[PDB]
Amino acid sequence: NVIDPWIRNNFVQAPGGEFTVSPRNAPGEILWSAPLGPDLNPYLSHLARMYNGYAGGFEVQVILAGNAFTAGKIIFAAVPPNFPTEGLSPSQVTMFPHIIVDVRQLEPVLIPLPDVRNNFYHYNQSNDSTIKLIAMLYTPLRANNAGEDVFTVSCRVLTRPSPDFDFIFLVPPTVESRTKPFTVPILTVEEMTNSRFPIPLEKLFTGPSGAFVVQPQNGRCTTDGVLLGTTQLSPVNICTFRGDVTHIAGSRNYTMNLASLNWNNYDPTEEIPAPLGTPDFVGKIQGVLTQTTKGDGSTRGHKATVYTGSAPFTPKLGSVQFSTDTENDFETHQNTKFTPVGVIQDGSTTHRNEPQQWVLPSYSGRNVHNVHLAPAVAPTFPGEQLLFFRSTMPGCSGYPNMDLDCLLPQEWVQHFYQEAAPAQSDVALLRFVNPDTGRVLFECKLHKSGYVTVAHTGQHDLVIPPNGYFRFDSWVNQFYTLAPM
Amino acid sequence: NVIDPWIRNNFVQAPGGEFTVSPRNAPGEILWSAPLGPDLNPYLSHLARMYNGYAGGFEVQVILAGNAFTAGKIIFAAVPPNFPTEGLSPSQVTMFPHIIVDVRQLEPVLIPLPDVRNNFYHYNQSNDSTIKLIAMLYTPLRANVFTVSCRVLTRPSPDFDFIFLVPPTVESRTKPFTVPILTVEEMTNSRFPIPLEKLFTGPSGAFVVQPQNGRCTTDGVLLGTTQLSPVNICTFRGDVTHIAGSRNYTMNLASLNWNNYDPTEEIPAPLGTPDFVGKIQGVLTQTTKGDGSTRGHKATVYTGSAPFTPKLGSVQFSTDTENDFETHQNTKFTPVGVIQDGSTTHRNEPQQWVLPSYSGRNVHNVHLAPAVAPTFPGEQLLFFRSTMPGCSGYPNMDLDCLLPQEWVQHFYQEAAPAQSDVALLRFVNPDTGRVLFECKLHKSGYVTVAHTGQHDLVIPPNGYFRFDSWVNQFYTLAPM
Amino acid sequence: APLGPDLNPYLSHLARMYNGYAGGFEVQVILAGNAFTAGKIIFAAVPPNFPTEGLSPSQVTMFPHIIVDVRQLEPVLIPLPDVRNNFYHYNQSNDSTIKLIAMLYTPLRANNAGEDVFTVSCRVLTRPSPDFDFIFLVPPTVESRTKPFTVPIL
Amino acid sequence: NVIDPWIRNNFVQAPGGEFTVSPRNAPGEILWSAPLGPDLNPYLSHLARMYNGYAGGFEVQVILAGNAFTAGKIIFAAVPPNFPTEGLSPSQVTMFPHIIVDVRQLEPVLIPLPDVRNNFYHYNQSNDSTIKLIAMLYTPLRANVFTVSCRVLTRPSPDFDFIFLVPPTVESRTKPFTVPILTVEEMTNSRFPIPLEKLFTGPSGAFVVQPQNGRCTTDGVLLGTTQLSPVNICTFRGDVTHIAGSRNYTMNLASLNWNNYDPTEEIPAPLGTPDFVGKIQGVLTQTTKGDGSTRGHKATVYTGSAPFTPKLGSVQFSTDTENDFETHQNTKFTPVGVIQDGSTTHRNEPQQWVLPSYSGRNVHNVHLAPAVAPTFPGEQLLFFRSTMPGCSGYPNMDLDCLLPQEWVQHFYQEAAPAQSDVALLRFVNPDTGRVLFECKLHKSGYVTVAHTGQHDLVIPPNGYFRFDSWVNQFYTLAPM
Amino acid sequence: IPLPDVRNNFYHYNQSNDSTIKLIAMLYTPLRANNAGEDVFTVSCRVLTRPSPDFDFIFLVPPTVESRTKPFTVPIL
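Residues numbered from 1 in each chain as written, not as in the entry; some residues may be left out. Chains lettered and ligands numbered in written order. Part of a larger assembly, values for the part shown. Heavy atoms only, no water. Residues with missing side-chain atoms left out of burial classes, pairs and counts.

- As documented in the archive entry, the model was determined using cryo-EM at 4.1 Å resolution.

Structure, rendered in structure tokens:
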């Protein structure tokens, strides 16, 4: 009545019906499901969305492709939809309407699919609907040949409208624009950099969330790209210092009005805990302080030391002390720049003590507490353990606390800023598929709040294949339990 | 062969059916354009997405709404498609097929629309119609506030049908070349881990421009000494050897992961080495492999030195100490700022346009990514101006790189093969929403602009870059 | 392949002496394959200006088409529905109707101990349709031939 | 499409068709409830087992039997399904669709039962009907012993039929989690072969609870140092080595079958070793490998000693003799009773919450089954209180284990994967037929109870445990 | 305004929450009323409904219109 005959007298590839079989497969187990309905044909989908009324049945053709060596007989059938199908014996699937196909059948065959004749105008959108489709292997598939994983049989499904098909009601259609697919970068963790210090990461870590009070301020942003914490985007701006030193006339120290990445003067009047790229934990770190003369550009370099637990360290106010190996070389009010590389253990007897990563620094000095805190993290679904990024800073003089566990990868932040994706539910599902094996080694549990955890117990330096990408899949709920590794 | 009869017999409203007709409008001027065709009846438009061509006509209708207090006349007509309608009197409009209307009418009114059944297949991807509908203020309608409104109603002809069954358009799309939305102040140098401060243009004849850090394909194959992590550029990891009395350290190189480096690969160097001759005060850094006692002391590297041989596997570092860094430890050179400890020359180093000694001065750097120049003449290249730090002396700190380091990783995630040679990328400042400059980004992986001389490109640091399409290799920019 | 009267040598030589032209065709096809290699193949039709670059094999369902298994020993025939917008084509125009598409549906796991083995040959056959004709008569052309631009092979 | 006509035309008796109507019954009270549907006509009920849904109605009939000496009135009616019928006057009953009957009637009487043909599929697994039939004592029927009886007769509607063909329900059932019907006085400790004497609750913060004997999956994979045979816990089998003058014996360990133990496996220890630091007087026992002359002498083991290294393969035993047990014989430590030969501390040992030295004090116990605690808060764990013997001294003999050793083997024979996390297990004393306490058994393999403080759970020793179903992870017990 | 059209033909409780699609009064264009007056002609919006022609009742109960329990009043301190 209303459809052109090239649809009503043909077949069409499934939108998603794609499944293989294997000698590693076993009889009785499920293979492939589908809810039957008008959603199974792309042509009927697009020529259905513009309509509302709905009636009729379908027909399903099927086709395989198999060699002559592998022997197997296969089975599809129909089922009422609420029926629990978990560990059904293959022999009892006799009683449903069904057909058997041999695997070496070279020619396409068609499912019967008897109509219930309780049509009475379905509401054209309801997932609570009629028959589901079942894919199942009847026979053990002895499949004996000298090849390896060999003759993995492909399978396709075709649909067709029934002759008693129709639509009933007319309506202007919808526009339906589309969102972001929640892509993540596919690097190795050892390739991505630390987000609380400008160093590449080394390995993935997990451990109990009750062990430390975990709230840093570098590496804090939304899951859709609005600037939070003391976090900025350029990773070299983390923990560096730039500004105009004024000579304390006696010591190796200077008072420096802080400058930006591009030497813009620091504003103390923003809704921030600290300047962008401030060291967000107490430590002693020996990098190097440099200064470019504003007249000619005489590059000087002297190894410095910063003290994030010191009282003259005042980033929000606009002066931080630096103790270089030289006393007053860095001239008056020039472009003076500290770049850190590694932490030393000097001036302190304690060994493996600094930096102290789970305390907060003196941003406005020891006078005013750090304002505008991007909050701390703890697992809402209990028992699980937070995901750290353990690495090792360089150590020159002494034995410092080189264990650096950051919370975020820095490249992920710019990735998500270009994403700017609104979530579909709370907690995401990311897999470590090693593409050498094409298989998962571990999973995670990534909240929309901006932190991630796993249901694995104890401390674990996660040793991964360095060729490994990461595979986001889907959206989990707040109640899913991961499996331990 | 058949569509819905309810679609065919009755009319429907159109997305152009709206009018704000005031006396404050100027008389004799165009106030609505729309290409006629399938793109006007909406339920028909979605139903006609899937079908790829036309045979038939349409009938349109007009419905008006005003008061009995004003008096205006209004025209509708049809044109040739490519006909310029801009310089055009409202007088001469009526020579086209047309119908005038008053301001005070009740019934709907159709238009003739004279037909030649082309019986050809007006392809839906193309942008060409029979006509463009028009309206023009014929009598200027003064009265004594009020504004008049009019709408457009429509259906197809009875002798209209379709052609073919086609799958939905754009089901699969080639990576659409998502340019990052960043600014060059946010992006970093590809020859050193430093954020880019300015953007520079100039001649390629002034230098020999062939670096090796910042070289990759547009679809993601590892080229040059360019690698992924920005901090691995110009840092070193290996195993130093103690010189007996001097401040030097020859270092048997290793990987990022301190793996045993293989000199027998098809590579120019270890991935991350500097691609220029230079003297730089950095900090060599070492920790004990037993407990983890960190130590870092000011070191100087010389990439124009003969013991600097990364492709062979040794590299010289002149430190402030002489024997602090033990042999075969986690010894790691961290650069700090380029010095000018050579004579009194101003801005002599780093020699960014000469090549360093990867295999030493005996065997040249192998497997080299080639040089570039504006092959399309009349244009100048796009350099990314930097200025490296320094503690003592004034060396030539102006570092001009060619790519953003994050763009390499981003386009690796793209891994996109191109659709022509030259792309259309536009620096849009979203504060303005206006293009300061466009460019000619080539599918080899470099970019050129038709601007004259030396210019540090002063741009708003909130501005992003907006890629548009794929241009042929025969377009010249207008100069700024 | 661009479909047309150019696909048959007999129809080519018995067409060049004519000018008027109408009708459709039919296409038979035949393969030749052993029993070890498993694969299912697909031909279809397309409107000619359509860009066919990276099409998913599954969406080729929607065109008129047929599936053939690779171990099919017997010849089969393409449907090829006529557009019924004939109206006397000008008998020379390359801007013309349906192109032909060759595509593999299945991954062809093809596992055997031979090397590059059972490389399947394929042939295409044509046939005039029953509603075929010519319309106009003309003295033919001589059409002598040029050099094939051979080079030495040293 | 068709059923038996003899089923359709005539009536049938129902399993609810019985009544004991006395004047001794209270007037205005409910005396029969039954959900209406397919579950009432018996031959129809079995025939309707296989079919999965309904479309139609029923007709019911009533048949009464009493004397002409009493005078009573009786009501039947229909309700909403979820409607509470408890607080309900017999007066207001009649507002529902209903029919009253006398006490003195002969003919059968049908009920209206007003219908809305739902044309939906009332799933047979679900528990929901249209109504619940009811009866109520309307007039209290005094006379001058006698009791009145009434029965229910039934058939379906003529416009009733079925839907679908389905296989018999519950053909295949997942292991139904058969809890053993034992008592904890009958079950034994999982950390020592001793029968459990009491059941204990308390905080997990008082200790660190992570043993290794008594750890397995709920579906039967070998975990911890837990093994199968209960007597192999805390006994030893290997090859002793003579210390020259002391009472000690370092024993190169073997299996249960004296097989060569492999220290290179993915195991914490040999399966059956103690998982606590302790000093215990036992009896090392040896026989000759030539004739079979048995000898057994009192020995003392120290699982907090450094030569106790089962994962390495040596273990120290301090015997009453010095050289009686020959090297590389069938030498076997049989524990007898834990002593307190350490200072004067009261209840110091066995240190049941610390871990012993499997690989010595150099390498920790590997492949460890983790610790537990009530992750669902507000609850306390379930400890199995024991008291080990002793010959000299008073050590801390209170042994709290977490599983029954026979339950591990029984659930290995189950090998059952779970259906939710938390199960519903109830200690029913069949002397009472009443639950003293329930619990929250988690599919990891441990159990918790919402009870406060320290309590030795005084229970009848004839009581068994009754598993019910699978609860979600969000239920809190009421306290005892 | 038309809404989603569904039905559950057994019933819907009607003595419960039984919550369904709530109401949206949403401002599209800020409706400036360019004139000499300030906030003049306050634009009223009424709702004046009637049931759909398929709508109907099936079951009837005694009214019991009286009251709920304690409505969980709170101090306003």
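**Some thoughts on the overall build of chain C**
Argument step 1. Across its full length, chain C holds 1 helix and 6 strands.
Argument step 2. Taken from the N to the C terminus, the helices and strands of chain C come in the order α-β-β-β-β-β-β.
Argument step 3. For a compact globule of 154 residues, the expected C-alpha radius of gyration is about 15 Å, and chain C comes in at 19 Å, more than 25% above that figure.
Argument step 4. Overall, chain C is about 60 × 50 × 30 Å in size when its C-alpha atoms are taken along their principal axes.
Argument step 5. A total of 154 residues make up chain C; the buried ones form 30% of that total.
Argument step 6. A separation of at least 24 residues holds for 83% of the contacts in chain C among residues at least 6 apart in sequence.
Argument step 7. By element, 63% of the accessible surface of chain C is carried by carbon and sulfur atoms, the whole surface being about 10,300 Å².
Argument step 8. Of the side chains in chain C, 10 bear a positive and 12 a negative charge, and the two mean positions are spaced by 3 Å. (Helix = DSSP H or I, 4+ residues; strand = E, 2+ residues; numbered from the N terminus. Rg over C-alpha atoms; globule rule 2.2 N^0.38 Å. Buried < 20%, exposed > 50% of the residue type's maximum accessible area, 1.4 Å probe, protein only. Contact = heavy atoms within 4.5 Å. Areas by Shrake-Rupley, 256 points an atom, 1.4 Å probe, with all protein chains shown as cover. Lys, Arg positive; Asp, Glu negative; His and termini not counted. Charge placed at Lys NZ, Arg CZ, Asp CG, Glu CD.)

**Things to note about the arrangement of the chains**
Argument step 1. Sorting the 6 pairs of chains in contact by contact count puts chains A and B at the top.
Argument step 2. In this view chain B stays clear of chain E, with the nearest C-alpha atoms of the two still 10 Å from each other.

**Quick look at the packing of aromatic side chains**
Argument step 1. In this structure the tally under the stated criterion is 73 aromatic pairs over all chains.
Argument step 2. Ring geometry for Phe200 of chain B and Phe383 of chain B: centres 5.7 Å apart, planes at 45 degrees, overall tilted. Of this pair, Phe200 of chain B sits in strand β9 (residues 198-202) while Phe383 of chain B sits in strand β16 (residues 380-387), and the two are 183 residues apart along the sequence. Here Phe200 of chain B matches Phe383 of chain B in class, with each residue buried.
Argument step 3. Taken together, a centroid distance of 5.1 Å and an interplanar angle of 55 degrees make the contact between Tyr51 of chain D and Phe162 of chain D tilted.
Argument step 4. Looking at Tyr51 of chain D, the relative accessible area reads 27%, which means it is partly exposed.
Argument step 5. The exposure class of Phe162 of chain D is buried, given its relative accessible area of 19%.
Argument step 6. Taken together, the ring pairs in this structure connect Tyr51, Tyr54, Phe58, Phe165 and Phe167 of chain A into an aromatic cluster.
Argument step 7. Geometry around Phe11 of chain B places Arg155 of chain B over its ring, the cationic atom sitting 5.5 Å from the centre. (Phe/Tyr/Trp six-rings, centres within 6.5 Å; stacked < 30°, edge-to-face > 60°. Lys NZ or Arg CZ within 6 Å of the ring centre and 35° of its normal.)

**Side note on the interface of chain D and chain A**
Argument step 1. Taken residue by residue, the interface counts 11 residues in chain D and 11 residues in chain A.
Argument step 2. In this assembly, chain D packs against chain A so that about 1,100 Å² is buried in total across both faces, 72% of it on carbon and sulfur atoms.
Argument step 3. For the chain D face of the interface with chain A, the top three residues by lost area are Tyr121, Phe164 and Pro167 of chain D, together amounting to 38%.
Argument step 4. At the junction of chain D with chain A, the criterion picks out 0 salt bridges.
Argument step 5. Connecting chain D to chain A are 0 residue pairs in polar contact.
Argument step 6. For the side of chain D that touches chain A, the residue count by class is 7 nonpolar, 3 polar and 1 charged. (Buried area = accessible area lost by both parts, 1.4 Å probe. Salt bridge = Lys/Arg side-chain N within 4 Å of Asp/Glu carboxyl O. Polar contact = N/O pair within 3.5 Å; in protein donor to acceptor, adjacent residues only side chain to side chain. Nonpolar A, V, L, I, M, F, W, Y, C, P; charged D, E, K, R; others polar.)

**Quick word on the sheet that holds strand β8 (residues 154-161) of chain A**
Residue and element names in this part refer to chain A.
Argument step 1. Across the sheet, 4 strands lie side by side as β1-β8-β3-β6; this open sheet has antiparallel pairing. Single-partner strands in this sheet number two, and they are β1 (12-18) and β6 (109-111). With strand direction ignored, the average angle separating the axes of adjacent strands in the sheet is 35 degrees.
Argument step 2. Where strand β3 (residues 58-65) meets β6, 3 bridges bridge the pair, whose relative direction is antiparallel. Its bridge partner being in β6, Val60 is matched across the sheet by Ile111. (Pairing = 2+ DSSP bridges. Axes fitted to C-alpha atoms, helices over the stretch in contact; angles between N-to-C directions.)

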